[PDB]
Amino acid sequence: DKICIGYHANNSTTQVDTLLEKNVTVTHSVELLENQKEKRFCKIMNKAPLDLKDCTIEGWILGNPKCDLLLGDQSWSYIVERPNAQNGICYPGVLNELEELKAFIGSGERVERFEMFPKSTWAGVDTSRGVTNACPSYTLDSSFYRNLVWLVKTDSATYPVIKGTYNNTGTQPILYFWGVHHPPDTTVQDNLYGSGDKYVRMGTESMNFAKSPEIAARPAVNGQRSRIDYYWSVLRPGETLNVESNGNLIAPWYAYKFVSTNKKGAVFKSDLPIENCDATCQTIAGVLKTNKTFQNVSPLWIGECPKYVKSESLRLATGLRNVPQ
């Protein structure tokens, strides 16, 4: 008669590492790191993202005529801008504080387009000739932005001082846009706005703005030697905007009612396809369906994702050393 003491073993060939030893086979281990992703964009919180398609954030939000597919209200869990989208700022110029604008739209959830200033707000000028071959729609060779209006002096007389007002009596902030036109010479400036010094001024409770033209000859971009300084702002609930200009005004026409998320919000520059699926974690590289703690796919995500890490594998040993014989 006898009796022996010993330990478990099995067919497992799963290996881990320790400080003292590498490549060590154990009976039961667990993988904490996920490396598998579904290369696609899904819905978050049952809400679908926004495919900007052949439009950039600029062309979308400024109402580029070839971005009419995006026109109107939008709601998104996140935003997808396409790596080679062609439709942005068609008439040459700079959108002041563009990066901050992107950060702000990123921190968003929904917009509602509305008319903030009908063309009748601008008295005694020509609100129906403001076009250019630089900003065509899919149907004609000369249009302009859907949210702006290009004011030009009436077909004879000079440019009168024009005023506009919008009292935001609502409960939501208003994202809006305007611009200053910078002509290439004196004769163009005169042809469009007439002589005399010109100004563009805009006031709210917590923001003022004043600028004159900066007439000079620039390199040809989109067949235009002129430029436009585009500007954006947020009219808060209770704030009211005064617009006053005697010339060179690219006046706001349509604006957006903005909804702030308070949560993260993400804007992804990616070419991955958006499918009719759901997800709880969404990286720029794809979807993670895991119960694991770590992940080596991507640091950029929206939703609830594992901690990003550079490792290949994080094997943790739960069982003992395997010694079959």
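One rule holds for the numbers: they count along the sequence shown, beginning at 1.
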task = State which stretch shows the higher mean Cα B factor in the entry: 289 to 297 or 24 to 32.
result = 24 to 32
task = Between 209 to 217 and 169 to 177, name whichever shows the higher mean Cα B factor according to the PDB entry.
result = 209 to 217
query = So among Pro252, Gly88, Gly196, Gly108, who wins on Cα B-factor in the entry?
reply = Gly196
note = In this crystal structure's PDB entry, the residue among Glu100, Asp73, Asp155, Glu81 with the greatest CA B factor is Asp155
ask   = Is the Cα B-factor recorded for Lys37 in the lowest, middle or highest third of its chain?
value = middle
inquiry  = Going by the CA temperature factor in the PDB record, which third of the chain does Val125 belong to: lowest, middle or highest?
reply    = highest
query = Mind checking which third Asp229 falls in for C-alpha B-factor across the chain?
reply = middle
task = Divide the modelled residues of the chain into thirds by Cα B-factor and specify which third, lowest, middle or highest, holds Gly93.
result = lowest
message = Looking at the temperature factor on the CA atom of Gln189, which third of the chain's modelled residues does it land in?
response = highest
